[PDB]
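These notes concern the structure reproduced below.
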Amino acid sequence: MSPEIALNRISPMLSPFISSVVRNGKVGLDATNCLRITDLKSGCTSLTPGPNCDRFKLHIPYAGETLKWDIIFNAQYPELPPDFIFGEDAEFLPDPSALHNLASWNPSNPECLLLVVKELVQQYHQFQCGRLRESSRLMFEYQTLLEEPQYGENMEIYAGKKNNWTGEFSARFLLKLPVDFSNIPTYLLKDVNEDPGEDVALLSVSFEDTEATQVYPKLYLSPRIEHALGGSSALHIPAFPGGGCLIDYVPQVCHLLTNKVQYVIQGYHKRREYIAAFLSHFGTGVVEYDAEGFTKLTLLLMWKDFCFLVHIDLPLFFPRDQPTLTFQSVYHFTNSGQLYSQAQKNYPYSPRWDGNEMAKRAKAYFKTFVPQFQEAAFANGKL
Amino acid sequence: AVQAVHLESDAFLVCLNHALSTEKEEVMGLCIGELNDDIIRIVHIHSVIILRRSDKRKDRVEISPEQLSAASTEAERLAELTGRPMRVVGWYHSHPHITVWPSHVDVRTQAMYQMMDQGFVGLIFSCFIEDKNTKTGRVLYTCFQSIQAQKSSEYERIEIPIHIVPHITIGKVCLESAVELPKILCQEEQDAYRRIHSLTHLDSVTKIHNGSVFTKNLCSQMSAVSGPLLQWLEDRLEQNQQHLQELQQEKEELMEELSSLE
Amino acid sequence: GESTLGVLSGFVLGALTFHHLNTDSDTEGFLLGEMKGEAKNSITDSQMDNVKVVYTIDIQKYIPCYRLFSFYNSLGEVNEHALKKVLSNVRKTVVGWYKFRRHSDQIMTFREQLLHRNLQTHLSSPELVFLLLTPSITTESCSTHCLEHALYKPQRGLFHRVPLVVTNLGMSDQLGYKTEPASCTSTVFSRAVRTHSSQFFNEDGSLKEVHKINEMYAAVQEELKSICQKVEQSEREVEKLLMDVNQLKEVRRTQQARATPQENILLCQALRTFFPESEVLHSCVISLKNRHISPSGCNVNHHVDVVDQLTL
Ligand SMILES: [Zn+2]
């Protein structure tokens with residue numbers, strides 16, 4: 001059952017907990033982001049009417065994998081704490097001393113279940129390490145990264161059951177990278193009701209051997225970041241060199257991703273300064289503009305009772321390349337039926353200018369060039 | 001045709017205790033209740049009558065119109081005693097070590113009973129299912145009716161939604177029905193012995209052997225049925241005394257809470 | 001190599017199922033009985049085995065716990081009153097405990113494992129059992145229901161399933177009754193059987209053992225009738241008292257129930273914090289006629305979050 005269908009079936013006294021959990025999306029860092037509620041049952045006499053369901057199964061994405069945990073409430077006793085089942089992972093030993101939000105269970109906070117489940121995943125991480133330690137060799141990396149809190153404490157880990165043949169272990173580390181993605185721009189989705197989620201960059205590293213050989217790195221990006229940096233298929237990553245050196249590999253990807261993000265957000269902020277200055281100056285006659293990326297603007301002006309339009313197109317390399325102006329007549333179209341227009345790209349400009357100076361020089365260029373364009377449009381164009 | 005079935009847990013308990021009584025044969029009984037309309041045609045089952053099967057054998061389950069006469073007499077008696085509008089509305093049998101689904105013979109019998117009235121419904125209880133692979137036990141129940149096929153005869157099954165109505169406490173009717181099981185078992189053994197004695201010209205040591213068999217059979221009946229049933233009733237009386245004390249404590253607590261508050 | 005069979009009576013399972021079906025939620029309780037150690041009296045086998053032992057657990061009665069968490073907290077800690085409470089439920093010997101979870105997988109939960117271990121500790125019975133029942137409905141049509149039950153016991157810290165059997169009349173009643181006369185042309189055999197027939201074959205036909213057993217059965221049947229009357233009266237008293245308690249609970253909850261802008265705050269706070277002094281007058285209101293601004297007082301005091309750069 002999709003979440004938009006499930007949130008209508010849950011007992012009302014319990015709906016807020018699951019609502020907060022779903023709306024928060026993910027629990028830890030997840031990577032796959034495939035959070036869902038699947039099996040949902042009444043857990044009460046079949047003749048109890050209206051919204052009633054309180055048992056369910058939760059798919060928690062964790063370290064590129066998915067944990068299938070059953071969670072149980074009782075509708076007729078909503079105040080009471082939940083109960084948990086960890087699917088086929090019987091060996092899981094959760095220390096009840098670390099579950100502060102479960103020890104001090106309080107329906108008074110709708111986030112309680114989330115705070116519980118979140119803490120439970122923190123124990124599950126540690127539990128994986130307990131199994132992981134029994135494989136040896138790889139702790140040399142875990143320990144090395146644990147001594148770096150900014151990476152170690154923003155981390156998740158998984159280790160696969162022993163191979164029936166050879167007895168090898170598969171393992172995966174997942175890291176949240178500490179870069180300032182806060183100024184990454186937005187972009188509108190088809191559904192709109194969709195949420196891109198927290199703008200974050202996750203580094204997944206997988207090992208097939210019980211040693212530091214044949215290692216597969218992968219970089220997952222929040223949809224906002226992927227859209228800002230021009231798509232995952234348009235970015236390369238340093239391949240894993242060999243041996244054991246995550247502490248020297250992660251800083252390289254962090255430095256490079258920060259470089260690219262700074263370049264693109266600098267371009268974005270300069271385009272925003274341009275559009276902001278041009279709005280401040282000529283907003284009285286704004287027609288349209290790209291409020292999401294600041295790559296386009298379209299203004300309507302009047303010269304001696306004759307209307308005309310100007311389209312400003314800003315290139316990716318805006319601070320360096322000149323923005324293209326396009327003057328258009330509102331009365332004349334050309335012989336081909338297309339709109340009569342003339343583009344200006346070679347004109348007074350300096351990349352060192354700010355928004356205000358560019359607006360001043362643009363108004364000057366308008367006053368100086370509009371008569372030429374209008375004479376040409378009367379000479380060549382047809383009504 | 002019926003559209004839903006509500007069964008009083010009061011009677012579901014009698015049915016279940018009848019089903020778990022024996023694994024060596026299939027057992028059967030009839031279901032008394034009423035037809036109702038609400039929100040849809042529904043059958044409310046209030047009580048059941050336990051019946052003795054004579055022919056036995058696998059899959060050969062039928063109720064005699066004699067048993068129907070006895071059941072309709074009991075239905076009228078209960079309707080006058082309780083003031084309820086009770087008619088014989090259904091039947092049930094047990095499928096031990098067998099899937100809960102009806103056999104083609106079960107469905108043909110359900111159709112033969114629907115010929116009386118299309119409002120008749122059937123129940124089936126699947127008892128002890130053994131599975132050392134899973135090492136778990138299971139017990140199921142289902143309700144059904146029958147429909148004439150598109151082709152000649154060959155009736156087909158159809159499912160009926162069934163729910164259990166939480167009857168928080170035991171009705172006396174269900175106790176008076178549950179205590180009939182030992183009586184019926186004893187009467188079955190006694191009838192077997194009486195039919196054995198019909199050929200009076202028989203060996204004396206053989207009669208001693210048959211008497212010993214009768215005594216051993218009733219000893220087994222008392223050790224496995226009457227004894228555990230009586231233990232259950234004593235345990236229930238103790239449970240009810242403790243529950244009465246707890247509920248009296250809770251009543252006094254709520255009386256104090258409402259007197260002191262507002 | 002040890003086995004631990006679990007044993008029930010049809011009626012006990014029926015009573016547990018009934019107590020559950022009456023409860024419009026999960027429920028739980030304790031299982032009382034006796035544990036007997038027997039040495040597996042090998043069948044076939046040889047003098048080169050390690051002869052298994054069966055710890056047969058006989059469940060005789062159950063005590064239902066009328067509310068959840070009556071004897072434990074969120075972390076499965078039992079607390080001391082729980083001991084007193086299970087003693088107040090005057091008892092003989094505990095052997096296990098049961099729980100009904102409507103629609104759930106047959107695998108004991110986090111709380112159940114911790115609680116079973118804590119109960120084994122506090123009751124000093126490291127051979128307790130856990131009876132988990134999951135009732136469920138199949139086919140969505142609610143035409144067919146399935147009650148799946150299993151026993152659990154700790155072994156290697158992990159809990160493993162244990163077999164369960166329900167005692168019934170079918171267990172080797174083995175009706176015989178030999179027909180066809182074993183007639184012998186023996187004068188001596190006939191003379192002896194006939195001489196010693198009177199000794200218990202009775203007079204005017206019949207047999208004394210038949211009547212002894214019939215009288216015993218009739219006595220037990222009248223005992224059942226009397227206990228049925230007394231249980232019916234106890235049930236009537238329970239019904240009345242329960243309706244009273246439920247009415248008072250309804251009154252309690254009712255008495256307790258009856259006894260008890262859309263402006264851009266973030267934008268205004270960000271605008272005031274980004275232009276302290278200077279012009280300040282910048283607000284979100286303007287004159288509809290001429291392009292002159294109207295002032296707004298805002299909240300000016302709300303707690304701001306995510307205060308971030310205007311241009312890099
Ligand atoms: Zn059948």
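FYI, nothing fancy with the structure tokens labels: chains A, B, ... in order, residues from 1 per chain, ligands from 1 as they appear.
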
Worksheet entry | Neighbours of chain B in chain C at 7 Å, counting only C-alpha atoms, as number ranges by chain | C: 9-12, 14, 18, 21-22, 61, 141-150, 161-164, 168-170, 173, 175-178, 181-183, 210, 213, 224, 227-228, 231-232, 234-235, 238-239, 241-242, 245, 248, 252

Discussion item. Excluding residue 99 (chain A) and its own-chain neighbours fewer than 6 positions away, which residues fall within 10 Å of it when counting only C-alpha atoms? Please give them as a count of residues only.
Written reply: 11

Worksheet item: Can I get the residues close to ligand 1 as a ChimeraX atom specification, where close means within 10 Å and we count only C-alpha atoms and all ligand atoms?
Response: /B:26-28,58-62,92-96,98-107,109-110,122-126

Practice prompt. Name the closest residue to chain B among the candidates A:13, A:220, A:44, A:255; distances are taken between atoms, counting only C-alpha atoms.
Written response: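 Closest to chain B, using only C-alpha atoms: A:44.
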
Sort by chain and increasing residue number a table of all residues of chain C within 6 Å of chain A, each with its closest pair of atoms and their distance in Å to one decimal, counting only C-alpha atoms, and write it as a Markdown table.
| residue | atom | partner | partner_atom | distance |
| --- | --- | --- | --- | --- |
| C:24 | CA | A:45 | CA | 4.8 |
| C:25 | CA | A:44 | CA | 4.7 |
| C:74 | CA | A:103 | CA | 5.8 |
| C:102 | CA | A:43 | CA | 4.6 |
| C:103 | CA | A:43 | CA | 6.0 |
| C:109 | CA | A:85 | CA | 5.0 |
| C:110 | CA | A:84 | CA | 5.7 |
| C:311 | CA | A:269 | CA | 5.8 |

Practice prompt. Report the residues of region 21-262 of chain B whose backbone DSSP state falls under helix (DSSP H, G or I), written as a ChimeraX atom specification.
Written response: /B:65-82,104-114,172-178,180-196,204-260

Fill in: Atomic distance CA of residue 356 (chain A) - CA of residue 263 (chain A), expressed in Å with one decimal
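It comes out at 22.4 Å.
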
Worksheet item: Quick one: DSSP strand (DSSP E or B) residues in region 139-175 of chain C, as a list in words?
Response: residues 144, 145, 146, 147, 148, 149, 150, 151, 152, 153, 154, 155, 156, 158, 159, 160, 161, 162, 164, 165, 166 and 167 of chain C

Since we have the selection now, will you write its residues out, keeping N, CA, C and O atoms, as a CSV table (one decimal), in the first residue's frame?
chain,number,residue,atom,x,y,z
C,144,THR,N,-12.2,-17.2,5.5
C,144,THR,CA,-11.3,-18.2,6.1
C,144,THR,C,-10.3,-17.6,7.0
C,144,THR,O,-9.6,-16.6,6.6
C,145,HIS,N,-10.2,-18.2,8.2
C,145,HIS,CA,-9.2,-17.7,9.3
C,145,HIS,C,-8.3,-18.8,9.6
C,145,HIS,O,-8.6,-20.0,9.4
C,146,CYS,N,-7.1,-18.4,10.1
C,146,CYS,CA,-6.0,-19.4,10.4
C,146,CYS,C,-5.4,-19.0,11.7
C,146,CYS,O,-4.9,-17.8,11.9
C,147,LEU,N,-5.4,-19.9,12.7
C,147,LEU,CA,-4.7,-19.7,14.0
C,147,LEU,C,-3.5,-20.5,14.0
C,147,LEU,O,-3.6,-21.7,14.1
C,148,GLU,N,-2.3,-19.9,14.0
C,148,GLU,CA,-1.0,-20.6,13.9
C,148,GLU,C,-0.3,-20.3,15.3
C,148,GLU,O,-0.1,-19.2,15.6
C,149,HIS,N,0.0,-21.4,16.0
C,149,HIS,CA,0.6,-21.4,17.3
C,149,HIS,C,1.9,-22.2,17.4
C,149,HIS,O,2.0,-23.2,16.6
C,150,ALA,N,2.8,-21.8,18.2
C,150,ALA,CA,4.1,-22.5,18.3
C,150,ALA,C,4.7,-22.2,19.7
C,150,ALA,O,4.4,-21.1,20.3
C,151,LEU,N,5.5,-23.2,20.2
C,151,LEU,CA,6.2,-23.1,21.5
C,151,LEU,C,7.6,-22.7,21.2
C,151,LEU,O,8.2,-23.1,20.2
C,152,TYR,N,8.2,-21.9,22.1
C,152,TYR,CA,9.6,-21.4,22.0
C,152,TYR,C,10.3,-21.7,23.4
C,152,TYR,O,9.7,-21.6,24.4
C,153,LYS,N,11.6,-22.0,23.3
C,153,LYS,CA,12.4,-22.2,24.5
C,153,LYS,C,13.8,-21.8,24.2
C,153,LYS,O,14.3,-22.0,23.1
C,154,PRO,N,14.5,-21.2,25.2
C,154,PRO,CA,15.9,-20.8,25.0
C,154,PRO,C,16.9,-22.0,25.0
C,154,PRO,O,16.6,-22.9,25.8
C,155,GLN,N,17.9,-21.9,24.3
C,155,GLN,CA,19.0,-23.0,24.3
C,155,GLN,C,20.3,-22.4,24.3
C,155,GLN,O,21.0,-22.5,25.3
C,156,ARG,N,20.7,-21.8,23.1
C,156,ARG,CA,22.1,-21.2,22.9
C,156,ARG,C,22.0,-19.7,23.0
C,156,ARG,O,22.7,-19.0,22.2
C,158,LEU,N,19.9,-18.1,21.7
C,158,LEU,CA,18.8,-18.1,20.7
C,158,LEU,C,17.6,-19.0,21.2
C,158,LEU,O,17.9,-20.0,21.9
C,159,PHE,N,16.4,-18.6,20.8
C,159,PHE,CA,15.2,-19.4,21.1
C,159,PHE,C,14.9,-20.3,19.9
C,159,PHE,O,14.8,-19.8,18.8
C,160,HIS,N,14.6,-21.6,20.2
C,160,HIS,CA,14.2,-22.6,19.1
C,160,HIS,C,12.8,-23.0,19.4
C,160,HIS,O,12.3,-23.1,20.6
C,161,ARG,N,12.1,-23.4,18.3
C,161,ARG,CA,10.7,-23.9,18.4
C,161,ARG,C,10.7,-25.3,19.1
C,161,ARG,O,11.7,-26.0,19.1
C,162,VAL,N,9.6,-25.6,19.7
C,162,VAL,CA,9.4,-26.8,20.4
C,162,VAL,C,8.1,-27.4,20.0
C,162,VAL,O,7.1,-26.7,19.7
C,164,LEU,N,4.4,-29.1,19.9
C,164,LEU,CA,3.2,-29.1,20.7
C,164,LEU,C,2.2,-30.1,20.2
C,164,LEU,O,1.9,-30.2,19.0
C,165,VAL,N,1.6,-30.8,21.2
C,165,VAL,CA,0.5,-31.8,20.9
C,165,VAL,C,-0.7,-31.5,21.8
C,165,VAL,O,-0.5,-31.1,22.9
C,166,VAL,N,-1.9,-31.8,21.3
C,166,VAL,CA,-3.2,-31.6,22.0
C,166,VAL,C,-3.8,-32.9,22.3
C,166,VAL,O,-4.1,-33.6,21.3
C,167,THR,N,-4.0,-33.2,23.5
C,167,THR,CA,-4.6,-34.5,24.0
C,167,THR,C,-6.0,-34.6,23.5
C,167,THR,O,-6.7,-33.6,23.7

Item to complete: To one decimal in Å, tell me the separation between CA of residue 195 (chain B) and CA of residue 177 (chain B).
Response: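 Pair CA of residue 195 (chain B) / CA of residue 177 (chain B) returns 26.8 Å.
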
Item to complete: Fewer than 4 positions away in the same chain doesn't count, so skip those; otherwise give me all residues within 9 Å of residue 81 (chain C), counting only C-alpha atoms, as a list in words.
Response: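 In the requested format, the answer is residues 71, 85 and 86 of chain C.
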
Residues of the last selection are to be written out with N, CA and C atoms, as a PDB file, in the first residue's frame.
ATOM      1  N   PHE C  71       2.982  -6.330  34.206  1.00  0.00           N
ATOM      2  CA  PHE C  71       4.133  -6.857  34.974  1.00  0.00           C
ATOM      3  C   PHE C  71       5.437  -6.602  34.232  1.00  0.00           C
ATOM      4  N   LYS C  85       2.228  -9.780  42.275  1.00  0.00           N
ATOM      5  CA  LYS C  85       0.983  -9.917  41.488  1.00  0.00           C
ATOM      6  C   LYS C  85       0.792 -11.371  41.061  1.00  0.00           C
ATOM      7  N   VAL C  86       1.837 -12.008  40.548  1.00  0.00           N
ATOM      8  CA  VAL C  86       1.722 -13.415  40.069  1.00  0.00           C
ATOM      9  C   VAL C  86       1.511 -14.341  41.275  1.00  0.00           C
TER      10      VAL C  86
END

Worksheet item: With only C-alpha atoms as the atoms that count, which of A:1, A:27, A:201, A:286 lies nearest to residue 67 (chain A)?
Response: A:27

Worksheet item: Which residues, written as a PyMOL selection string, have at least one atom at most 10 Å from residue 257 (chain A), with only C-alpha atoms counted and residues fewer than 4 positions away on the same chain left out?
Response: chain A and resi 177+179+201+229+235+237+251-253+261-263

Using only N, CA, C and O atoms, please write the residues we just selected to a file, as a PDB file, in the first residue's frame.
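Written output follows (out-v6.pdb):
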ATOM      1  N   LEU A 177      29.057  13.161   3.627  1.00  0.00           N
ATOM      2  CA  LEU A 177      30.241  14.028   3.428  1.00  0.00           C
ATOM      3  C   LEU A 177      29.941  15.401   4.011  1.00  0.00           C
ATOM      4  O   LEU A 177      28.833  15.914   3.865  1.00  0.00           O
ATOM      5  N   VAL A 179      30.166  18.668   3.468  1.00  0.00           N
ATOM      6  CA  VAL A 179      30.263  19.861   2.582  1.00  0.00           C
ATOM      7  C   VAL A 179      28.990  20.698   2.719  1.00  0.00           C
ATOM      8  O   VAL A 179      27.906  20.117   2.959  1.00  0.00           O
ATOM      9  N   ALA A 201      25.218  14.530   0.078  1.00  0.00           N
ATOM     10  CA  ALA A 201      26.040  13.666  -0.785  1.00  0.00           C
ATOM     11  C   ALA A 201      26.558  12.499   0.046  1.00  0.00           C
ATOM     12  O   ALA A 201      27.217  12.730   1.079  1.00  0.00           O
ATOM     13  N   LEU A 229      24.574  20.007 -10.580  1.00  0.00           N
ATOM     14  CA  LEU A 229      25.930  19.717 -11.118  1.00  0.00           C
ATOM     15  C   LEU A 229      25.836  19.069 -12.511  1.00  0.00           C
ATOM     16  O   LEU A 229      26.892  18.715 -13.073  1.00  0.00           O
ATOM     17  N   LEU A 235      29.819  13.265 -14.449  1.00  0.00           N
ATOM     18  CA  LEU A 235      30.832  13.450 -13.381  1.00  0.00           C
ATOM     19  C   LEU A 235      31.669  12.182 -13.265  1.00  0.00           C
ATOM     20  O   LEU A 235      31.127  11.082 -13.318  1.00  0.00           O
ATOM     21  N   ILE A 237      34.922  10.198 -10.913  1.00  0.00           N
ATOM     22  CA  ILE A 237      35.394  10.038  -9.512  1.00  0.00           C
ATOM     23  C   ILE A 237      36.765   9.391  -9.554  1.00  0.00           C
ATOM     24  O   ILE A 237      37.012   8.551 -10.422  1.00  0.00           O
ATOM     25  N   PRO A 251      38.925  12.438   1.842  1.00  0.00           N
ATOM     26  CA  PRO A 251      39.226  13.862   1.702  1.00  0.00           C
ATOM     27  C   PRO A 251      39.371  14.319   0.241  1.00  0.00           C
ATOM     28  O   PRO A 251      38.983  15.428  -0.045  1.00  0.00           O
ATOM     29  N   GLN A 252      39.925  13.486  -0.642  1.00  0.00           N
ATOM     30  CA  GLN A 252      40.064  13.845  -2.084  1.00  0.00           C
ATOM     31  C   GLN A 252      38.673  14.105  -2.683  1.00  0.00           C
ATOM     32  O   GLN A 252      38.472  15.185  -3.289  1.00  0.00           O
ATOM     33  N   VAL A 253      37.738  13.173  -2.508  1.00  0.00           N
ATOM     34  CA  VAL A 253      36.366  13.313  -3.085  1.00  0.00           C
ATOM     35  C   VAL A 253      35.682  14.517  -2.435  1.00  0.00           C
ATOM     36  O   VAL A 253      35.005  15.257  -3.141  1.00  0.00           O
ATOM     37  N   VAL A 261      30.971  22.248  -6.428  1.00  0.00           N
ATOM     38  CA  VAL A 261      29.770  22.870  -5.813  1.00  0.00           C
ATOM     39  C   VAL A 261      30.011  24.377  -5.690  1.00  0.00           C
ATOM     40  O   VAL A 261      29.082  25.134  -6.013  1.00  0.00           O
ATOM     41  N   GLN A 262      31.198  24.794  -5.239  1.00  0.00           N
ATOM     42  CA  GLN A 262      31.547  26.232  -5.101  1.00  0.00           C
ATOM     43  C   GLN A 262      31.468  26.891  -6.481  1.00  0.00           C
ATOM     44  O   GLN A 262      30.860  27.975  -6.573  1.00  0.00           O
ATOM     45  N   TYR A 263      32.042  26.259  -7.510  1.00  0.00           N
ATOM     46  CA  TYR A 263      32.038  26.845  -8.874  1.00  0.00           C
ATOM     47  C   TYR A 263      30.583  27.120  -9.276  1.00  0.00           C
ATOM     48  O   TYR A 263      30.239  28.274  -9.698  1.00  0.00           O
TER      49      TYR A 263
END

Practice prompt. May I ask which of the residues B:6, B:84, B:41, B:46 is the closest one to chain A, counting only C-alpha atoms?
Written response: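 With only C-alpha atoms as the atom set, the closest residue is B:6.
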
Worksheet item: In terms of the shortest atom-to-atom distance over only C-alpha atoms, which of C:236, C:272, C:67, C:36 is closest to residue 54 (chain C)?
Response: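 Smallest separation from residue 54 (chain C) among the options: C:36.
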
Discussion item. I'd like the interatomic distance between CA of residue 275 (chain C) and CA of residue 301 (chain C), to a tenth of an Å.
Written reply: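 CA of residue 301 (chain C) lies 15.5 Å from CA of residue 275 (chain C).
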
Worksheet item: What lies within 10 Å of residue 29 (chain A) using only C-alpha atoms, ignoring chain neighbours under 5 positions off, as a PyMOL selection string?
Response: chain A and resi 61-64+154-156+174-176+200-202

Generate the output file for the selected residues, C-alpha atoms, as a PDB file, in the first residue's frame.
ATOM      1  CA  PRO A  61      16.751   1.658   3.655  1.00  0.00           C
ATOM      2  CA  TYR A  62      20.169   1.246   5.321  1.00  0.00           C
ATOM      3  CA  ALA A  63      23.691   1.124   3.793  1.00  0.00           C
ATOM      4  CA  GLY A  64      22.458   0.385   0.219  1.00  0.00           C
ATOM      5  CA  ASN A 154      28.123  10.270  10.222  1.00  0.00           C
ATOM      6  CA  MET A 155      28.619   6.649   9.095  1.00  0.00           C
ATOM      7  CA  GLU A 156      26.774   3.371   8.515  1.00  0.00           C
ATOM      8  CA  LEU A 174      28.480   4.552   3.831  1.00  0.00           C
ATOM      9  CA  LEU A 175      29.478   8.138   4.685  1.00  0.00           C
ATOM     10  CA  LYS A 176      27.707  11.512   4.790  1.00  0.00           C
ATOM     11  CA  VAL A 200      23.239  15.611   0.948  1.00  0.00           C
ATOM     12  CA  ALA A 201      26.040  13.666  -0.785  1.00  0.00           C
ATOM     13  CA  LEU A 202      26.664  10.048   0.308  1.00  0.00           C
TER      14      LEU A 202
END
